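Engineer: Just dropping in an experimental structure and the matching sequence.
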Amino acid sequence: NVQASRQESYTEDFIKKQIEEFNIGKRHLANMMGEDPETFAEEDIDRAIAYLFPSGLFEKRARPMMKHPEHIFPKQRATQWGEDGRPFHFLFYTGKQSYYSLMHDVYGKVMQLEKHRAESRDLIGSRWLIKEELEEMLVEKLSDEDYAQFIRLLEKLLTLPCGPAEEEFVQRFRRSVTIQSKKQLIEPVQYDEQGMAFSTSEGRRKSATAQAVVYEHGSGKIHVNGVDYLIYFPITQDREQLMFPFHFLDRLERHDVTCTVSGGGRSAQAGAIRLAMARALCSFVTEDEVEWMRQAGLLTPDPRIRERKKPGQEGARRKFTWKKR
Amino acid sequence: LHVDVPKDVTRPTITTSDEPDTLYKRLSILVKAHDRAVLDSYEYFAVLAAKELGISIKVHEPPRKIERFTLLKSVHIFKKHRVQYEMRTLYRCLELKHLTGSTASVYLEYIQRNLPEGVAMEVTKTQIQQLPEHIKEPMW
Amino acid sequence: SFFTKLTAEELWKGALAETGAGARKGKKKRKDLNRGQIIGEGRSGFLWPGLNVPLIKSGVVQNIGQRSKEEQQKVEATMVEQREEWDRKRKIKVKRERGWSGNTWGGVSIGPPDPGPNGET
Amino acid sequence: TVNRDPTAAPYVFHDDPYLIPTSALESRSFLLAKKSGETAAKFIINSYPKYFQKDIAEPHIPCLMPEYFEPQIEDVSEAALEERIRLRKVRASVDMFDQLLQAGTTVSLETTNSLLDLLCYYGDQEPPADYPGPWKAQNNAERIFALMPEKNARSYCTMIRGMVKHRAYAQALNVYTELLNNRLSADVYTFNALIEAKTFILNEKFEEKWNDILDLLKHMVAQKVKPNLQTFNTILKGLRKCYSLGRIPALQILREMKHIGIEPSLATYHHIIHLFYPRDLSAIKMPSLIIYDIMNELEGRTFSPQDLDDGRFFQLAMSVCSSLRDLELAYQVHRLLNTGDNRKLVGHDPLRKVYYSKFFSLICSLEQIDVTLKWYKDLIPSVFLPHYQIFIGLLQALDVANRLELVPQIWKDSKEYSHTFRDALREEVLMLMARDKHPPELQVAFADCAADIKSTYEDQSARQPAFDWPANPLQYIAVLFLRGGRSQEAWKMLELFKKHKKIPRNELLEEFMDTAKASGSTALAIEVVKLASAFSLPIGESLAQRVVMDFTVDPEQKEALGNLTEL
Amino acid sequence: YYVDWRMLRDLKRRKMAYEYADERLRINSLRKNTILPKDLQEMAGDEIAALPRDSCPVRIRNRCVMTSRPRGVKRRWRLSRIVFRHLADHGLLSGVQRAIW
Amino acid sequence: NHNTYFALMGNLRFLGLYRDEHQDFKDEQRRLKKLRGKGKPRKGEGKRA
Amino acid sequence: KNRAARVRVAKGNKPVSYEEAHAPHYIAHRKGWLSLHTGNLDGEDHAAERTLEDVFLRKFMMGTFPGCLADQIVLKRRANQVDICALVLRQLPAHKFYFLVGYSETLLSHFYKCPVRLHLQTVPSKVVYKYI
Amino acid sequence: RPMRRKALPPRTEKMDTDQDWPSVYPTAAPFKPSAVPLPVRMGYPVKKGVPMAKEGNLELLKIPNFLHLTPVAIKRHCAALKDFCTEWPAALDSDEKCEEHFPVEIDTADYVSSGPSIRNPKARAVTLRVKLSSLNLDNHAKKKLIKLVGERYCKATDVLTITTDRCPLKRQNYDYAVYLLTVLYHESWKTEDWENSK
RNA sequence: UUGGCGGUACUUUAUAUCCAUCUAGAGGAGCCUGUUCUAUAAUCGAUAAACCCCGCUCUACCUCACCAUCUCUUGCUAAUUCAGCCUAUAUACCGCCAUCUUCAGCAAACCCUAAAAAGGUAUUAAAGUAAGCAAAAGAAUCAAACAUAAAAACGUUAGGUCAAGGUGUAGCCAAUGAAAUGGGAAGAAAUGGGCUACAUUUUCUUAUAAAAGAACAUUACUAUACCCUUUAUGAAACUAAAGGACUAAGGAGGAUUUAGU
Ligand SMILES: [K+]
Ligand SMILES: [Mg+2]
Ligand SMILES: [Mg+2]
Ligand SMILES: [Mg+2]
Ligand SMILES: [Mg+2]
Ligand SMILES: [Mg+2]
Ligand SMILES: [Mg+2]
Ligand SMILES: [Mg+2]
Ligand SMILES: [Mg+2]
Ligand SMILES: [Mg+2]
Ligand SMILES: [Mg+2]
Ligand SMILES: [Mg+2]
Ligand SMILES: [Mg+2]
Ligand SMILES: [Mg+2]
Ligand SMILES: [Mg+2]
């Protein structure tokens, strides 16, 4: 009562033919695009396939691909025994020959260190590989209990005296922690025809966008869209929003700003200018100050934007009245 | 063909006339499609063809347009439950410059005949000519 | 209208009413109407070389033709016989032997077990 | 810019492995079912036109509209007759012409001539058509010609042409005599029919006949009528009857063609070749050299359709090359076919396959195997799907070049072209492979080929109970199995000699024994003796004695072997 | 055969409005102005009324071309919401996709 | 033109060049219904006189 | 629950193709469009007429090749040319396909007044994406 | 007894890697898995599955491929198409140089779409653009020309824009715009007695 | 011996969540609109949650399916003792959906038991294993995240829809079919939703949401009713918009209830 076909297992003979067909494919794709077959590479292949078979499907897994068989197929679906039927690995009948073969090596290392007999922080800012990464190294499915047990054994190895061989071993299972630098990207300092220094930066609040041009030396003259700021912004709260960047760094009356804000309303345009001024003013302040701006909210774009209306309800969140029952 | 090759392939007859030729200062080609990748391939084909014929070309991407409309999901009643549909239009503008009328016809024919399915073109020729002979001299 | 016509798969699904509120919580039988139809065969009896008749006959390139009213009536009756014969085949069945009683499963042979993993019949 | 794809079938054929024509029959049948489907659509369109009348195409496409061929003018007037003549209805126009005469209404001489044109050209018979012819003394054409009150040159001219077209040579000549007596002047087309008439008629004396045809030409100058290409082509086509005596006359015509200013076409040379290179030529010792001069004259020129025998030239030229066994000339002829668009004049289906078959067959015979294989990949299948004899020629070429390693590949190609079950081809493949010894690697490859050719015999035998395994294939397939590490299979094939009652050859029998000695299996050696006894071959007794010395025979084997020796 | 008798009546209304378009244009022009005598305008008001009622172009209703549904139709395709959704949800309309945003 | 499509496709079904699954389905329901005695009455001979 | 164009789960024995497996919300994401014309692009006309021609062209091809279509056809319009790309099972003899192509091309070229070409890719049997 | 036809092996097997690919795909065609010698795969893959193969792949057939347009073909094509092109006059090396000798700009638009009809209503419109500096206009004429044209004149650019779409065809609308310029220019020079009362 | 069952509590988990907290509303007035009722010669369907500006992103004729009157009988198509039917059954169905629901489950192939009515977990591991669908992931809102959409299986409610279309069974065929003209009315009524107002954080005017000058309780605030003019579409104004006056009620709304992180 089974019609669903067996999950396909790939013989080494099958993958071997898939690699000869791919190798002949590269020579043909190279001949089509007029490139040299010897130097034709995986990057050139992907670019050629995108030109010859343009697909605009959003998901990239569904687009045409001519990749090396090692990539498209799973890495190790090969037979685990020979013609006679004798498995190749002495731990085959465990069902996790690769997980237990690794736990066999690390347990033997631990025993030699304990029998044979400094700071253990040889590597810092590193993490243990996640289960998904481990499963990729072993090429076999692991459970959470199997991963948890593997880490405990690796930790015990670090606790004990470790020669350079052990340190290299544990290194394989340590992945450098991603380094996201939460530090503002300082803008360059250009020079005008007059020779005065000035920096420029963009800012976006709601639908408003601004392009400020702060000058290193000035008397505090801010011009928005070729107008003064008291005229352009008759509301105090809009002017206070322009005061926040300079007042915070005690730099009032020391710079000359030229703004160009298009889009949005009065408050959204002041907010867009505030960010544009804070980002341009970074080039003329110390790095310790740039961090004080970043930590006071002056350098982060505000992500709050109007939410779309939903069909079947009065608003983005407002619902139609629940008729009286 | 390895050994069997045409000897003297016949070529179409191109006869130079005595009429003066058109002079296009600009020639804007706005192609539209639902698929960006098709525009990238067509942009590559068109820019390569222009460069091979000596034409000066520049390319930019006008902002895309998305048209959305709402419909009633059920066949009967159940007003509050709707389904929404959209059509996305993407643009690639090929701005050519300093073209004679013979160069603009052969190029446009070649690229229009190879216009992929689902792609619409909007050529905008800009011709430049002298002033009318009457206007040149004021006559009362 | 030609645009309100649905395929056979959709027509039988509705008529049979197998998937329904009554069926699951508590007879119409399906039939295939393309079983006997040979591409190129119509009620008018036209003969189409290369579709429903030989393209070449005795070295002569055939041309379009139509069967006579008598000949077509024979072909129509012959297909009616084959349909009735096919229906008779459907009715005909091979009865299996009963067990300890006619309405009980005890004693009834159900054949050999299925082949093994390595073609062990 | 683009050239022919050598690995693809002609563009007409559908680009799919299931739909590619394997053989030449499926090629023609596929192009006869397609035409039949087009005719089925045109029948429906022209029979239910109301459904194909809405036009949504701007600009308007005239060729995608329903056709109407039946007259829609009901009134009986000269205008209505003109419509029927335009539609080319022959019987209806005669009825309305007679009705017009019955009323007596005036009919224009030009309109009366358009009626005779239709009747004379179709010879009083309705135009040939498909849907669900000698000249008759009593017919509408001659009757209408007499009823005509006023006659003009065109009227007589139309009769002369229609008569000659429908094989009325004797009458047509008489009609021309009337034209001269009336003092009218004929046109070029009428003079061409008269020349076509004198030739077809059998005159006892050629000298008189030739002087007569010339007299028609002399009257063409008296009446200030200038000849055309067809005029000269007609005279040369007539001369092909008298091969011996038409050689000097034929050349004189071509010299006059250039002086007048008429440019010889491909047809004009097609006729001179026929006259100078007879197919049934006993005197092959010293053939004429004109073919070399003609090709030099036409080198690099491009030709257009200007006669009805232009296609015939290329097929005839290639044939002449094969007769002379000059492959350099064949390259010039094919080179002329490639200049410009000369490829369009190769010929139709009957002559397209003869030209290339003759060409490729000549290549294999007189060309280096390396070059021969280049031509093979280009021409086949793209140009023509060859018949099996072409492969026998290719296999023979490989054998003459000492490159039998490619014979297995040629077999795989043959299966695509519907030669899988060809007895002649299968016998040639196995024969060449097993004709002589080969290195171990080559023998193993041949053994795989022998196994494939065996399956064809086996699968064929399954279909046909009354099947016969030809004797020579059995020997070739068995030898190849022994030589190529398939000895076990060859022992099973030894039994097939008895099943089909084929007499094993002496060479094959001793070969099995040699292999047995190396194996050391006395049992296998005795098996050969069993088959020798069955057919009562004399060598069988000697072979049995040979086994006695080759192997140590057990006492049980001695009794068994002795029984077979007695048998 | 058209979908139903309602689609047939509408089809006739569309072919009779096309026939009388020039007539109803020329006559109605005499009424939509203040430059001609009111006596003529009152008379042209009656010539237009005397024309057949199916010539009037406000009696045309846009119906689904495939199901003859009077309401719910989209004018760009001439299909009802139900029929449009069947072609769209199967990938049969060129460029129409579901709107996710 | 709904008349052109319905008439054209009906004619093609009678020429054997088109197969209408819907029509074949209805043709057999009529055949079975007539055998059951539920067929269409003749005009002018309806149940009510 | 949504019932639109969803081939519902059986018991693991129903062979669905790639096109059938994916529900409407995967259009433009995992599966493309069966018809490609310019009539639904912005500022383009004649969407109604192109769509009506498609509906007919699909019903015509099903009836003209009854039981011989492995998957839905793909319609491609370029200029006034129409191109029909159909996956067809190898059931009918080869010569019969040449007849239906010649017939269906000529008939649809005189009906819509455009050049129409039929492109047939023959499969040994329906291609199964997954068993659901 | 009935014989089922056997499909031939794909012709890609017979294709060399140094073939003339432009010949294989001379013109735009649909993707034929039996003619494209590439192991291309397309389709979202099932869990523990690879993307579907090219043979019987509807997704690859749904793609508007560019196999007929390859860098080798495009270069070979344009080599033939060079004879058609004509050389732009070298003297007109700048935009300002063109305005000097050719002050009038005529805009014409074409539209390419898919369908049986090649007709688009928008193709009739024409637009003439000339700068008043290019026209020989006295101080009186320029003031009269600017008042008559109204908003057609742009003070910032000094460009007069005449848009003519009333006529059915493009050749009629083009000739009308040239006519409108001639009357406006000639009328502007004419002086009427009522003009002295401004 | 399984399942069911509770009006079962305690402990966690979350919920614009029962209650509590917060903001603007509904419930009062005037209108717009759906429904019920009354009622008409005069449709139909939805009508607890999951109906009530619902099918309608829409009814002056048309639309139209209703009522009255008159009229046609092979009556759209190539053919058909046939065409046609918004005739009955959504409790025969397809199609397309609602509801639990962004809830976490549904289904199949094997293996095991001193027999199995069933069950099959122990991680320092004791008989379970390996594939599916949903969730998840991925994609979309054109950097990034978050969020929002989309997605959401099997079942539950014989839930909704024979009137989108198609269709099983039963029924009409000089009529339950076709067509034309004219009508399809109202309410001292109840009720759902929406709109506007009840004002001083207000009203009018210029600017523009900055500021300024006036108004500010009897009609000051305040009529999207009625009535009267004019314009728009149309053949038809019975419709919509803009003015004009006329102006009544309304003074922030009992229990109770809706939405929002
Ligand atoms: K249902
Ligand atoms: Mg709100
Ligand atoms: Mg019994
Ligand atoms: Mg209306
Ligand atoms: Mg009404
Ligand atoms: Mg009415
Ligand atoms: Mg009714
Ligand atoms: Mg129900
Ligand atoms: Mg109900
Ligand atoms: Mg995403
Ligand atoms: Mg998800
Ligand atoms: Mg119910
Ligand atoms: Mg009735
Ligand atoms: Mg204010
Ligand atoms: Mg009015």
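Structural biologist: Alright, I've got the coordinates. Numbering: from 1, shown residues only, chains lettered A, B, ... in the order given. Ligands and ions are numbered 1, 2, ... in the order given.

Engineer: Am I right that residue E:42 is in a strand?
Structural biologist: No. Residue E:42: not assigned to a strand; according to DSSP: H, G, I helix; E, B strand; the rest coil it is helix.

Engineer: Look up how far residue E:31 lies from it.
Structural biologist: Residue E:42 sits 9 Å away from residue E:31, going by C-beta to C-beta, to the nearest Å. For the C-beta atoms, the positions are set from N, CA and C on the backbone; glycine is no exception.

Engineer: longest helix of chain C?
Structural biologist: helix C:69-91 (DSSP state H).

Engineer: what sits against the closest residue to chain E within chain F?
Structural biologist: Distances between chain F and chain E by C-beta to the nearest C-beta are smallest at residue F:2, namely 4.4 Å. Taking C-beta atoms under 8 Å, 6 or more residues apart in numbering or on different chains as the criterion, residue F:2 is in contact with C:1, C:2, C:3, E:1, E:2, E:3, E:7.

Engineer: Please tell me I have it right and the second one contacts residue F:6.
Structural biologist: Yes. Between residue C:2 and residue F:6 there is a contact under C-beta atoms under 8 Å: 4.5 Å.

Engineer: for chain D, what are the nearby residues on chain C?
Structural biologist: By C-beta under 8 Å from any C-beta of the partner chain, the residues of chain C that approach chain D are C:46, C:48, C:49, C:50, C:51, C:55, C:56, C:61, C:63, C:64, C:65, C:66.

Engineer: let's see it at 10 Å
Structural biologist: C:40, C:46-51, C:55-56, C:61-66 (C-beta under 10 Å from any C-beta of the partner chain).

Engineer: near chain H, anything from the top helix by length along chain A?
Structural biologist: Ranked by residue count and defined by DSSP H, the top helix of chain A is helix A:12-33. Yes. Residues of helix A:12-33 contacting chain H under C-beta under 10 Å from any C-beta: A:18, A:21-33.

Engineer: mind putting these in CSV, neighbour count and distance to residue H:183 included?
Structural biologist: Written out in CSV, the entries for these read as follows (neighbours: other C-beta atoms under 10 Å in any protein chain shown; distance: C-beta to C-beta, whole Å):
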residue, neighbour count, distance to residue H:183
A:18, 18, 77
A:21, 12, 74
A:22, 19, 72
A:23, 14, 74
A:24, 17, 72
A:25, 20, 69
A:26, 21, 69
A:27, 16, 69
A:28, 22, 66
A:29, 24, 63
A:30, 20, 65
A:31, 21, 64
A:32, 24, 60
A:33, 19, 59
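
Engineer: Which parts of the chain are helices?
Structural biologist: Using chain A here. Under DSSP H, chain A gives helices at A:12-33, A:42-52, A:69-72, A:97-116, A:131-138, A:144-159, A:164-172, A:229-232, A:236-248, A:266-280, A:287-295.

Engineer: oops, chain F please
Structural biologist: Remark: helices assigned in chain F by DSSP H are F:2-15, F:21-35.

Engineer: Distance to residue D:512 added to these, as JSON lines?
Structural biologist: JSON lines is the format used below for the helices of chain F (distance: least, C-beta to C-beta, whole Å):
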{"stretch": "helix F:2-15", "distance to residue D:512": "66"}
{"stretch": "helix F:21-35", "distance to residue D:512": "64"}
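
Engineer: Give me whichever of the ones you listed is most buried.
Structural biologist: Burial of the helices of chain F is given as mean neighbour count (mean count of other C-beta atoms under 10 Å in any protein chain shown); helix F:2-15 ranks first at a mean of 18.

Engineer: Distance-wise, check the closest residue to chain G within the stretch 101-250 of chain D relative to chain E.
Structural biologist: Chain G sits closest to residue D:130 of the stretch 101-250 of chain D, with a gap of 15.1 Å, by C-beta to the nearest C-beta. Going from residue D:130 to chain E by C-beta to the nearest C-beta, to the nearest Å gives 34 Å.

Engineer: can you check residue D:260 too?
Structural biologist: In this view, residue D:260 and chain E are 64 Å apart by C-beta to the nearest C-beta.

Engineer: That residue - how many residues pack around it?
Structural biologist: By the criterion of other C-beta atoms under 10 Å in any protein chain shown, residue D:260 has 13 neighbours.

Engineer: Repeat that for residue D:332.
Structural biologist: If you count neighbours by other C-beta under 10 Å, residue D:332 ends up with 19.

Engineer: which residues sit in contact with it?
Structural biologist: Listed by C-beta atoms under 10 Å, 6 or more residues apart in numbering or on different chains, the contact set of residue D:332 reads D:291, D:292, D:294, D:295, D:296, D:298, D:299, D:317, D:321, D:326.

Engineer: Most neighbours out of those residues, which is it?
Structural biologist: Counting by other C-beta under 10 Å, top hit in those: residue D:317 with 27 neighbours.

Engineer: sec struct for the residue nearest to residue C:30 when sequence neighbours are not counted, please.
Structural biologist: In this structure, residue C:30 finds its nearest non-sequential neighbour in residue C:12, 5.4 Å apart by C-beta to C-beta, 6 or more residues apart in numbering or on different chains. Under three-state DSSP, residue C:12 falls in the helix class.

Engineer: Next up, the contacts around residue C:12.
Structural biologist: So residue C:12 contacts C:18, C:28, C:30, C:31, C:32, C:33, F:21, F:25 (C-beta under 10 Å, 6+ apart).

Engineer: What subset of these is buried?
Structural biologist: Neighbour counting by 16 or more other C-beta atoms under 10 Å in any protein chain shown classes C:33, F:21, F:25 among those as buried.

Engineer: ok, the second one - contacts?
Structural biologist: Counting by C-beta under 10 Å, 6+ apart, residue F:21 touches C:5-12, C:33-34, G:62-63, G:66-67.

Engineer: do you know how far the residue of the stretch 251-400 of chain D found nearest chain G is from residue D:22?
Structural biologist: Nearest residue of the stretch 251-400 of chain D to chain G: residue D:385, at 14.1 Å (C-beta to the nearest C-beta). With distances taken as C-beta to C-beta, residue D:385 is found 7 Å from residue D:22.

Engineer: Which residue of those two possesses the greater neighbour count?
Structural biologist: Neighbour count, other C-beta under 10 Å: between residue D:385 and residue D:22, residue D:385 has more, with 22 against 19.

Engineer: wouldn't the more buried one be in contact with residue D:24 here?
Structural biologist: Yes. Residue D:385 lies in contact with residue D:24 (C-beta atoms under 10 Å); the separation is 5.3 Å.

Engineer: Can you pull the residues that touch both of the two?
Structural biologist: Here residue D:385 and residue D:24 have D:353, D:417, D:418 as joint contacts, going by C-beta under 10 Å, 6+ apart.
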